[PDB]
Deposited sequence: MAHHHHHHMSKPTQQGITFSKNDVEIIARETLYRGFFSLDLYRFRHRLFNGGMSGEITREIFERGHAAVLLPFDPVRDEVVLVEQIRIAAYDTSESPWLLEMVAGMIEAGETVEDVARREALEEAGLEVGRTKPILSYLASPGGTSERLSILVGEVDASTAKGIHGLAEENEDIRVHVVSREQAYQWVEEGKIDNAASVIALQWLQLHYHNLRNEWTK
């Protein structure tokens, strides 16, 4: 098919308002936008959770076919999970003037003690665009997993790719960044092992 129809020019962001400002923000967008039928929308307002944007790193060891995961508590998981301690990808906020790659390498070093070799982009996704602006940009990074060493109270895990992917299937890994990265790895590891060796 022919994909989406409209672009930014087809929407008028009339104004924004910050309804809550703390560590994060809750903003109200007021806007009008074009309709598929032709006309123009009424004035629309939407609450948006604003927390900046993140870089994510999947540490992959192509010699060993192993991944490095970081475990730490995420209290927001409490209400819908058996435990709020989650197995996750390395990640951090992108500050002004920083690149996805700069941040991913830095966080790999200070959350997992990992020196990263080559990187490659995986995917950049919107976490939940009905209610938050957050975008997370994922890279895969070449590591030697035998060197992983842990520490914000963080435990470092080394597991085989196949076990990590089985834990996605089983629900033991169930946060978006880690699901997306590990599904991508399951689709791309043959070529990635070919390339990095």
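- Several segments of the deposited sequence are absent from the coordinates, namely 1-13, 165-171, 218.
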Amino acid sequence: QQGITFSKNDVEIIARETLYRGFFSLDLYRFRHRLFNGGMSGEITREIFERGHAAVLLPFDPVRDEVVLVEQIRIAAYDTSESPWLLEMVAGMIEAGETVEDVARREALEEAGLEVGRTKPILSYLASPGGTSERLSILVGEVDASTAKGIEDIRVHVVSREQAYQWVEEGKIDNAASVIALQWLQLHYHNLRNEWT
From here on, numbers count along this sequence of modelled residues.
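Rigid core (definition): largest C-alpha set, two forms, superposition within 1.5 Å.
- Superposition on the core shows that, in 8 other deposited structures of this protein, the C-alpha atoms drift more in one of 29-37 and 59-67; this is 29-37.
- Superposing the other copies on the rigid core and comparing 4-12 to 188-196, farther C-alpha placement in 8 other deposited structures of this protein marks 4-12.
- Between 170-178 and 7-15, it is 7-15 that carries the larger average Cα temperature factor according to the deposited entry.
- Once the C-alpha B-factors are averaged per stretch, 99-107 and 69-77 rank with 99-107 first.
- Among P129, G141, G38, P62, the highest C-alpha B-factor in the deposited entry belongs to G38.
- The maximum CA B-factor among the listed residues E50, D153, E162, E47, taken from the PDB record, is found at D153.
- When the modelled residues of the chain are ordered by C-alpha B-factor, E134 sits in the lowest third.
- Placement of the Cα temperature factor of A112 within the chain: highest third of the modelled residues, per the deposited record.
- In this PDB entry, the Cα temperature factor of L26 sits in the middle third of its chain's modelled residues.
- Per the PDB record, residue ranking by Cα B-factor puts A148 in the highest third of the chain.
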